[PDB]
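Peer 1: based on what follows, work out the 3D shape:
(6 chains, ligands or ions: 10)
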Amino acid sequence: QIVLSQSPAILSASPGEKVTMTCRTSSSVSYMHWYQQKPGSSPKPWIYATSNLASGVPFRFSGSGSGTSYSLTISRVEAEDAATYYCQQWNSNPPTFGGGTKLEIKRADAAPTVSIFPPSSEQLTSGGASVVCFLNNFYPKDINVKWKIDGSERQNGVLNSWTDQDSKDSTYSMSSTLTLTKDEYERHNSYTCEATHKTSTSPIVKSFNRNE
Amino acid sequence: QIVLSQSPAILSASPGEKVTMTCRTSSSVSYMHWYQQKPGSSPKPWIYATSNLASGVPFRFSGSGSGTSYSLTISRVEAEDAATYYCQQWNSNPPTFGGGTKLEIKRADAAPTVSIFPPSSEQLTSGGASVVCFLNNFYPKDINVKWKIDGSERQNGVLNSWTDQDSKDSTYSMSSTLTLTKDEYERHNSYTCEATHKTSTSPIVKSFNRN
Amino acid sequence: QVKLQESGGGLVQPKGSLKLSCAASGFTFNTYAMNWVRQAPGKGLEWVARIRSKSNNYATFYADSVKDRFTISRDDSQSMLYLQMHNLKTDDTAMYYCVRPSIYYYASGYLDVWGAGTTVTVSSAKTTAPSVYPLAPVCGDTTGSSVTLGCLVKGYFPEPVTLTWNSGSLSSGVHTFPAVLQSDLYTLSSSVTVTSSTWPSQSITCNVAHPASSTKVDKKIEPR
Amino acid sequence: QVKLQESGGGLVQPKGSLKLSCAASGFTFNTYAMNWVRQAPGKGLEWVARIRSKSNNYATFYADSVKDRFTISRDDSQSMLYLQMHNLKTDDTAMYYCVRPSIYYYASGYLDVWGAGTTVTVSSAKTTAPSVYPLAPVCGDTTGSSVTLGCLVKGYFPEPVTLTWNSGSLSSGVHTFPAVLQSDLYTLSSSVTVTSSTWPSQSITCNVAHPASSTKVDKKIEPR
Amino acid sequence: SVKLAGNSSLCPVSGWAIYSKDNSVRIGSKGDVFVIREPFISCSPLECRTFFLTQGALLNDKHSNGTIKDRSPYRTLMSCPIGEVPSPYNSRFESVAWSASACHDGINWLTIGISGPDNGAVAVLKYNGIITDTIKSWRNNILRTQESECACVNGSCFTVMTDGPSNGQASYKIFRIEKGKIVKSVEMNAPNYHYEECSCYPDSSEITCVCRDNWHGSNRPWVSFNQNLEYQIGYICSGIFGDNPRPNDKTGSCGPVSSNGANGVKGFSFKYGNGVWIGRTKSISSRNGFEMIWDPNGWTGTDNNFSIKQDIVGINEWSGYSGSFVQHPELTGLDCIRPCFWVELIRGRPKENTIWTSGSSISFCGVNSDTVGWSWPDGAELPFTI
Amino acid sequence: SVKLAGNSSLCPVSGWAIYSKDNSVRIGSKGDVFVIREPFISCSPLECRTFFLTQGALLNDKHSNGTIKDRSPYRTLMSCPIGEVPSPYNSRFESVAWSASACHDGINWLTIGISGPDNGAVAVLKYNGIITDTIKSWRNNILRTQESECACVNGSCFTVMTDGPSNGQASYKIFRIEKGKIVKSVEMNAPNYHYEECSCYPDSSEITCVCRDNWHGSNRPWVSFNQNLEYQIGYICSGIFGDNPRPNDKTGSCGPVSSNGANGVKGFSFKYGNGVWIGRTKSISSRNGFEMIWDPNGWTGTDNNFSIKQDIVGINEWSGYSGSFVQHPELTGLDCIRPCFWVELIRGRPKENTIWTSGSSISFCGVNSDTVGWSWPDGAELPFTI
Ligand SMILES: *[C@@H]1O[C@H](CO)[C@@H](O[C@@H]2O[C@H](CO)[C@@H](O)[C@H](O)[C@H]2NC(C)=O)[C@H](O)[C@H]1NC(C)=O
Ligand SMILES: *[C@@H]1O[C@H](CO)[C@@H](O[C@@H]2O[C@H](CO)[C@@H](O)[C@H](O)[C@H]2NC(C)=O)[C@H](O)[C@H]1NC(C)=O
Ligand SMILES: *[C@@H]1O[C@H](CO)[C@@H](O)[C@H](O)[C@H]1NC(C)=O
Ligand SMILES: *[C@@H]1O[C@H](CO)[C@@H](O)[C@H](O)[C@H]1NC(C)=O
Ligand SMILES: *[C@@H]1O[C@H](CO)[C@@H](O)[C@H](O)[C@H]1NC(C)=O
Ligand SMILES: *[C@@H]1O[C@H](CO)[C@@H](O)[C@H](O)[C@H]1NC(C)=O
Ligand SMILES: [Ca+2]
Ligand SMILES: [Ca+2]
Ligand SMILES: [Ca+2]
Ligand SMILES: [Ca+2]
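Peer 2: Numbering: from 1, shown residues only, chains lettered A, B, ... in the order given. Ligands and ions are numbered 1, 2, ... in the order given. See below for the structure:
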């Protein structure tokens, strides 16, 4: 019933920048705790009672506030700091958490490296036909894929998946899978992927024809 | 986990007799409560803290004991007292009840009044054939029914139901239902009920033939 | 008058859920711990759960036989007690009672008010309607002073059924027999005995109702 | 080291039941209150339940969203915490965490230890095995020094799947893409990029495992 | 001014925090400090004190020559404030005793001091240092008692005494003592058990005693009883064996484990439901080290699994007797009886080359809060001048 | 019986009058006196006492061999009446500790004693000598605290603790302690400051702490805060630099003066508006001498001008740690909090040829009345026969 609102929802920062994230409460509390979550692992206890750092947390972090306003600050952000930070209170029952602030790393733009892949033999023999396109290692994350069959845009039978920001190099990747029947695949010559991304005014294109 | 054992399980008494029922505990308690249940209604609060009578309980009742032994006594038992009496403790969690002592009224022997009934027309038309026998108003409760079809004992397709001791007159009643297919009913002339009861050395018999 | 009217009804399948409720009146519900105690058909009494007053933080306690399946709760502003039952078993079939305990320090545990129960049946058998067959004496005797008639109720489920005679005006020399279960169908019967001048003279009729199937049958007892 | 290893998770149908457990070690479990906190896929954190120590009478507290359906409990002599879930809904699908709270008076509510967690999926969809299709580049596209291969996993349920390359020896220049659900079947993919002298030279093979169907497929990436 | 209720239960406890250390022997190198042994602790509603048995002699003086039999007429029971060195200048006289016990009932101290010959020893009971009762040996064979604090509840204090062989069946008595007068005495019927040097504590109006089996048990025997001396008995089931010497840890017994069961040390443990906090030496053959172990089902179960161990003295340093003591609500402010403990760190003979034998002491108190393993050993460099 | 209000301000003070001197080391030449260090003072509403850290050994005995690491398991925190020699015969045991603090809240004593390993030290808090709380190392690097009295106000007592490197950025916490239980804890955000060995005092319901910068400051850092631990920070601006070692006096800074900023000594100062009473060694390189200086605008201004200096120990004599302590109205009868101070006079190693290292102590109390400069040095002739 006590509500926590964290701002901003997403926060992008260059390594070395100072950053602050905020946590407001609908009504007053004595102090605030915070946790750090990276994808695929449990939250880590990050700070307690507003300002106390958990063992292993480096000095770059500091926590402040009182009444209904609290915050967490990173003096010089590093790439390993990218995660989601949740605040949490237990002044009265029940305990409640904020919505999280997701921290992202800024970096130089990167165009995608596009690869295209026909249906495997093994899938064809079972009556399916999937065509895959990977648009890997790009920045920023906004990207658009267009499929074409013999030149006609094709919208149905497509599934897309985007990766988290990578840890080594801060880029994003995407995967697109145009899935058809074996019968409908064999009625057509050319299959094409069309990547659109701010780094280029022309789309990045990859294509193959069935005969080869 | 604290266990209560009531003795006896059943108790038969003439009106006017003094009666005592006991409740033992596996380990010690400060006091005992008791409740009265007649069939088809909720228990009534009967006695609290060993000796205190609940409003409406008459003085014939009294409750005693301590440690691991308690009892409930009726100085001059009456017919309305027939019920089941449960003890209950709450000295420690969880609260527990005893197994109950069922109080019954004794009385003069009574032979049954036996009636026999063929399948109705309404049931026949739907393919069933049930034959009913009522052995009503008898004492004591031990009674045995034998079915016979053209003279052969018949055991399958029988359902029996016995009543509680009646409140007005202290008797028991029973109902027995031999149920067959319309086809098998029609292959036979005579249907018979055979009541055996200590009040007579010959069975009480009722019969009909299918005309 | 203090009263506890429970409700929340009857038939449900094994593994099922049910929410029993109890409406209290005549006292300050908010000041009292409250209890559910139950009773299997033909068996005795078993405490199931206890919830405390606000001033003891609504603390809850459970019988082992029910632990992890049942939850007890209250809404003081509406004078209600609740028992949520999950993962029901055929053992949990029983009459369920709403039960106030004595406020007396010197009689801790005395349960000073009981409701009528609410009946819970846990079964995979299905709701079936009865058949009501009039029973008249055999075609022949026409003898003694008195005479015995009958009414037979077959192939219903679940309990209960109501059986009366001429709508209840007749209750002398009646025996209504306990129902008995056979292949997940119940059967029951009832004899009525009268003076043989009153019958076939006056109309004798049996009246059976089966709430669970919404049936109401009258049946007249004609000679043959 | 203080550790909380939870277990019991799995796939189960709406209306179903599940009993999650947690084994604690490294501390005196009996001195601590304990907690379950959960997290729906992609969605953030929600406290569900709290049970207290013996010395506070094992008092239990619940989130409204879970009240009357979930029961929390402990066995101190075995260092176990339990959560019994009844009447499951698709909303209750989530990663469930065993969580110790701080003994610090000056930081009431700080949750100082979390377990890895156990996964709960609530769905009427049924357990299906995947298909694993090797993906090689189109023949004739040989040019650049580097080359991208691929592995595609289709039509399984539920999560998760394990996907590796040459049993994990290859983890450079890999992207493994999130699964996506479509008509109650999941799909996922994974590219690997290498030097074009290393392939087709050396064997590159994808290794996929699906615990929930007990499948383990190796797949070699041949040219054509 | 007011008797201790003793009706609350034991404080839940996640670990042990250091409370005192006297450094007797290091200081006694130069100071005027008694040669001591059996250095137990017991607390008032106002202060905690260490009680001990002197030989009536000082570290680094010829009379510390340990040729004297253990049960001499020179041995006395004295006390000093907790953590101070036992010195003739800062110590209170209590009783002439070669075996002893002591506890406070909320109003005054009771002491119990046994002296006299082996075949006829007499315990003398004092209350506020005034002799209030006595009890003679009843098996004529080294009447002896706790070597740690008795336990008081509801104005009555409780102890255990043993008379008989130390290597066969003997006779065990529990006593209820009121204002220093024995009011009840029960001879326990415990065939095939041996009780010696019991560590008794109060817990919910009942007393529990964990003792030493010197005859044939490497797990510790326990006895527990209420104010009427209605008792029960057993042995700690945990396969984390408690005595010294003892075998390596394996499946335990709820009767005496005969394997390395002969001899022992005074020790203690604290019961929590089915669980147990165990104090014990680290070495399995010798009185070296000390660790505390929490075994959640250890009181009543026989396996080796424990949830946590906390170091107290390193395996490589000398230890010795250990014992319980508690702090009541009336002293602490709490709603529960706080368990603590003390450890004797024996220096000199028989393990080292000196003419004497003296203890230093450490103590800890249980808390439900942060703590750490370490080693807090005696630290005297032996031998001395003498 | 009644908690100290702590609400009045500091007594105006024109100079410093001698209060005590123990002559420990001169006496210890023959007596039974502890080797000690960190000899701070703190006062109750009834009496003032000196607290100190023993190595658990006596002057002129082999165990005074100073080869022992500073943070041993033998080290304990004890107290004796003010101006008496710290002796095993006249001293009270307090805590097992190698770093400590202490203060009285008007009702009982609080002690804080840190022991355990470098990577996992635990402070143990006692209230009336009963363990009431604990706190573990949170940076796993020599949790340590004041080595002088905490400050109490309105029934709460306040302290500062440091965990981390001693020659780089570390972590600094302030705590509000109430009846010996930590009720609030704040991690200060002070990048490029180093706080160690803080001298804290109360003044108008707020606490002010003057500490040691061991990383890179020869002026002293301060932190001050109210009962809610809302704090502020800085460094003493005066160009009369306070630490040791330090440069010659020149223009000061309101941040750390890096010049000779590495290492230091525990010290103290008292704030009066923009002014400051400064205690410091006389030598600029070494722990020799002691003087008090009044600099009227020294708290907030950076010049060298002072109005008066008062000699305490001659430049030619050995000094060491120094610390604040105060006397409340509840003890003195006054309408103000009287500031005093104590000085450790270190003898032995590393500066002289002995196997040991021990402090003597002196103290003074501020008065608004006549006083005189002098030298009151230790006065022991070294070395000793050991
Ligand atoms: C606490 O102590 C008092 C005094 O020792 C106990 O009082 C005695 O109780 C017994 C039976 O319970 C009586 O027969 C005695 O005559 C009582 N003595 C006095 C002076 O009143 C009391 O029972 C003890 N309480 C508990 C809980 O054990
Ligand atoms: C002096 O101490 C008392 C007790 O520590 C303080 O009283 C507390 O005040 C806060 C807010 O000011 C309340 O929220 C607490 O609940 C109070 N506690 C009690 C026991 O009354 C008081 O505020 C302090 N006074 C000053 C001037 O700081
Ligand atoms: C002990 O007695 C006190 C005083 O009557 C009581 O309030 C307290 O709850 C009792 N404690 C226990 C644990 O039984
Ligand atoms: C101790 O006693 C032994 C045995 O009688 C003797 O030889 C030795 O000299 C004694 N030592 C001292 C210092 O008195
Ligand atoms: C401190 O408090 C007392 C008692 O309430 C008051 O009379 C006194 O003047 C106060 N002093 C200051 C400086 O506030
Ligand atoms: C002091 O300690 C050292 C280190 O163990 C040792 O070598 C030395 O001999 C000792 N010196 C004296 C005088 O005790
Ligand atoms: Ca033994
Ligand atoms: Ca075990
Ligand atoms: Ca410095
Ligand atoms: Ca100046």
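Peer 1: so the residue of the stretch 251-386 of chain E at minimum distance from ligand 7, which state does it fall into?
Peer 2: The stretch 251-386 of chain E approaches ligand 7 most closely through residue E:264 (3.5 Å), counting by C-beta to the ion. Any C-beta I mention is one placed from the backbone N, CA and C, and that applies to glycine too. What DSSP: H, G, I helix; E, B strand; the rest coil gives for residue E:264 is coil.
Peer 1: tell me the contacts of it?
Peer 2: For residue E:264, the contact set (C-beta atoms under 8 Å, 6 or more residues apart in numbering or on different chains) comprises E:196, E:212, E:213, E:214, E:217, E:218, E:243, E:244, E:245.
Peer 1: and those, which are buried?
Peer 2: In the contacts of residue E:264, burial by neighbour count holds for E:196, E:212, E:213, E:214, E:217, E:218, E:243, E:244, E:245, counting by 16 or more other C-beta atoms under 10 Å in any protein chain shown.
Peer 1: okay, and which of these map to strands?
Peer 2: Among the buried ones among the contacts of residue E:264, the residues falling in strands (DSSP state E) are E:196, E:212.
Peer 1: just the helices in chain E please.
Peer 2: E:24-28, E:329-332 (DSSP state H).
Peer 1: of the ones you listed, flag the one that's most buried.
Peer 2: helix E:24-28 (a mean of 28; mean count of other C-beta atoms under 10 Å in any protein chain shown).
Peer 1: for that helix, name the packing helices and strands.
Peer 2: On a contact count with 3 or more C-beta pairs under 8 Å, 6 or more residues apart in numbering or on different chains; DSSP states H and E, helix E:24-28 meets strand E:357-367, strand F:48-58.
Peer 1: distance to residue A:63 added to the buried ones among the contacts of residue E:264, as JSON lines?
Peer 2: Below are the buried ones among the contacts of residue E:264 laid out as JSON lines (distance: C-beta to C-beta, whole Å):
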{"residue": "E:196", "distance to residue A:63": "57"}
{"residue": "E:212", "distance to residue A:63": "53"}
{"residue": "E:213", "distance to residue A:63": "56"}
{"residue": "E:214", "distance to residue A:63": "58"}
{"residue": "E:217", "distance to residue A:63": "56"}
{"residue": "E:218", "distance to residue A:63": "53"}
{"residue": "E:243", "distance to residue A:63": "51"}
{"residue": "E:244", "distance to residue A:63": "49"}
{"residue": "E:245", "distance to residue A:63": "54"}
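Peer 1: between the buried ones among the contacts of residue E:264, which is nearest ligand 10?
Peer 2: residue E:244 (67.7 Å).
Peer 1: give the contact list for that closest one.
Peer 2: E:264, E:265, E:267, E:280, E:281, E:283, E:284, E:285, E:286, E:287.
Peer 1: try it again at 6 Å.
Peer 2: Going by C-beta atoms under 6 Å, 6 or more residues apart in numbering or on different chains, residue E:244 touches E:265, E:281, E:287.
Peer 1: how many neighbours does residue C:77 have?
Peer 2: Residues near residue C:77, counting by other C-beta atoms under 10 Å in any protein chain shown, number 8.
Peer 1: same question, residue E:358
Peer 2: Neighbours of residue E:358 using other C-beta under 10 Å come to 31.
Peer 1: my read: it touches residue E:37, true?
Peer 2: No. Contact criterion C-beta atoms under 6 Å: residue E:358 and residue E:37 do not qualify, at 7.3 Å.
Peer 1: roughly how far apart are residue E:297 and residue E:272?
Peer 2: Applying C-beta to C-beta, to the nearest Å, the value for residue E:297 to residue E:272 is 11 Å.
Peer 1: so which of these two has more stuff around it?
Peer 2: Applying other C-beta under 10 Å to residue E:297 and residue E:272 shows that residue E:272 carries more neighbours, namely 26 against 22.
Peer 1: what is that one paired to in the beta sheet?
Peer 2: residue E:275 (DSSP bridges).
Peer 1: ok so, going back, out of the helices and strands packed on helix E:24-28, which is closest to ligand 4?
Peer 2: Closest approach to ligand 4 among these (C-beta to the nearest ligand atom): strand E:357-367, 12.7 Å.
Peer 1: paired strands for that closest one, with orientation please.
Peer 2: strand E:15-21 (antiparallel), strand E:338-348 (antiparallel).
Peer 1: now the last one, how far from the centre of its chain.
Peer 2: This points to strand E:338-348. Centre-to-centre, strand E:338-348 and its host chain are 8 Å apart (C-alpha atoms, centre = their mean, to the nearest Å).
Peer 1: alpha carbons only: can I get that strand in CSV?
Peer 2: Listed next in CSV are the C-alpha coordinates belonging to strand E:338-348 (Å, rounded to 0.1, in the frame of the first residue of the first chain):
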residue,chain,number,x,y,z
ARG,E,338,20.7,-15.7,28.0
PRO,E,339,23.2,-18.5,27.6
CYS,E,340,26.9,-17.9,28.0
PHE,E,341,30.0,-20.1,28.5
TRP,E,342,33.5,-20.2,29.9
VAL,E,343,36.6,-22.1,28.9
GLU,E,344,39.5,-23.1,31.1
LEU,E,345,42.9,-22.8,29.3
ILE,E,346,45.2,-25.1,31.2
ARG,E,347,48.9,-24.4,31.4
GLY,E,348,51.8,-26.4,32.9
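Peer 1: could you give the number of residues near the residue of chain A found nearest ligand 3?
Peer 2: With C-beta to the nearest ligand atom as the measure, residue A:93 is the residue of chain A nearest to ligand 3, at 24.7 Å. Residue A:93 has 12 neighbours, counted by other C-beta under 10 Å.
Peer 1: for the contacts of residue E:264, which two are the farthest from each other?
Peer 2: Across the contacts of residue E:264, no pair lies farther apart than E:196 and E:245, at 15.2 Å, counting by C-beta to C-beta.
Peer 1: rewinding a little: roughly how far does the closest residue to the residue of chain A closest to ligand 3 other than its chain neighbours sit from residue C:58?
Peer 2: Excluding the flanking residues, the one nearest residue A:93 by C-beta to C-beta, 6 or more residues apart in numbering or on different chains is residue D:61, at 6.6 Å. To residue C:58, residue D:61 is 10 Å away according to C-beta to C-beta.
Peer 1: got a list of what the residue most central in space within chain E touches?
Peer 2: Geometric centre of chain E, nearest residue: residue E:323, 3.2 Å, by C-alpha atoms, centre = their mean. By C-beta under 6 Å, 6+ apart, residue E:323 lies in contact with E:40, E:148, E:199, E:268, E:342.
Peer 1: how does the chain divide into domains?
Peer 2: Because you didn't say which chain, this covers chain A. Using curated CATH domains, the domain parsing of chain A gives A:1-107, A:108-212.
Peer 1: let me rephrase: I mean chain C.
Peer 2: C:1-124, C:125-224.
Peer 1: nearest to ligand 10, of those?
Peer 2: domain C:1-124 (62.3 Å).
Peer 1: gap between the two ends of that closest one?
Peer 2: Using C-alpha to C-alpha, to the nearest Å, the end-to-end distance of domain C:1-124 comes to 39 Å.
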